[PDB]
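First, one chain by itself: the form deposited in one PDB entry, in C-alpha cells.
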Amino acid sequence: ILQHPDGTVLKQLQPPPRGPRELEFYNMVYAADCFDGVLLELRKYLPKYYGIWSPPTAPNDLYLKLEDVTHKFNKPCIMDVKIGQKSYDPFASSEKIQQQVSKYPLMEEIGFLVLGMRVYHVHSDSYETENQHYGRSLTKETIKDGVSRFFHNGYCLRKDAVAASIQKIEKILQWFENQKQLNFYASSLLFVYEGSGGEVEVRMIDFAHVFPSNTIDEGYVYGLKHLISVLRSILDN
C-alpha cells in the first residue's frame, strides 16, 4: 500500500489469480450501471474506488486507486482484522488449505485474526506497532486483552472508539444478514480512530478471495458477531 498525498492509496495487484480477482470485485461493485440494491449498499462500507491505475511509462504495472480511509485523521490509530472461519477459499487444494490453516489454526474457533495495529500514545507523542505475529499469538484466553490494546492510548482505554466501532460493525453485519450473493474469504476490516476525538472508521478491505454464492456468509457473520462480543466485553473494563 502506497499512501499518496491526494488522499488515496495505490494497491499493487497481487499475483494471479488474487490480483485480477480483486480488480473484478471492485469493477462489479462500482459498475457505473449497477442498480443492484445489495451492491449499492455495499459501496458504503468499502474504500471509494477510482479505477485501475498504472504508471504513464509502465502499463504492465497494475494498481487499484482507492480512498485512503486514514486521510482525514490527525493521529490515525489503525488496526487490520481478518474476518471469517476460513482464510482459504472454495477452490483451495488440500496443500493450500493446510498452508492457510497453519498460518493461524485458531481461525475456525475465533472467527477473526488481528493482522496488525498502529496505536498513538499521547504521553510520548509516539506510535506502538504490532505485526502479524501479535494477532497470530492470541488465543481464546487472550483475545479480549489483545484487541483492547488497540484502544489504549497510554493514558486511558478509549471506550468511545470501542463503542463507535461496535456501531459501525453492526451496520456491516446487517448488510451480511441481508445478502446471499457473495462470500468473503481472507478479507479484512480496517479500523481507524483519532488518537489526538470521537471520529471512527470501520471499512471492509482486501477482496482477492471474494466469490459468488447462493448462501449466507456464515463464517463472516460468526466472525463479526464474535468481534462485536469481544468489543462489548471491553466496554466493561
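Basically, rigid core = biggest C-alpha set you can superpose within 1.5 Å across the two forms. Residue indices: 1-based, along the sequence shown.
What comes next is about the form deposited in another entry, which is not displayed.
Of the residues checked (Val114, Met107, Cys77, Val162), the rigid-core alignment between the shown form and the other one shows a Cα shift of at least 2 Å for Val162 alone. Once the rigid core is overlaid between the shown form and the other one, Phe191 does not reach a Cα shift of 2 Å, moving by less than that. Relative to the superposed rigid core, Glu67 undergoes a CA displacement smaller than 2 Å between the shown form and the other one. After superposing the rigid core, the C-alpha of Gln174 moves by 2 Å or more between the shown form and the other one.
CA of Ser165 to CA of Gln132: farther apart by 3 Å or more in that other deposited form than in the shown form. Legend note: Cα of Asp145 to Cα of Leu157 is at least 3 Å farther in that other deposited form than in the depicted form.
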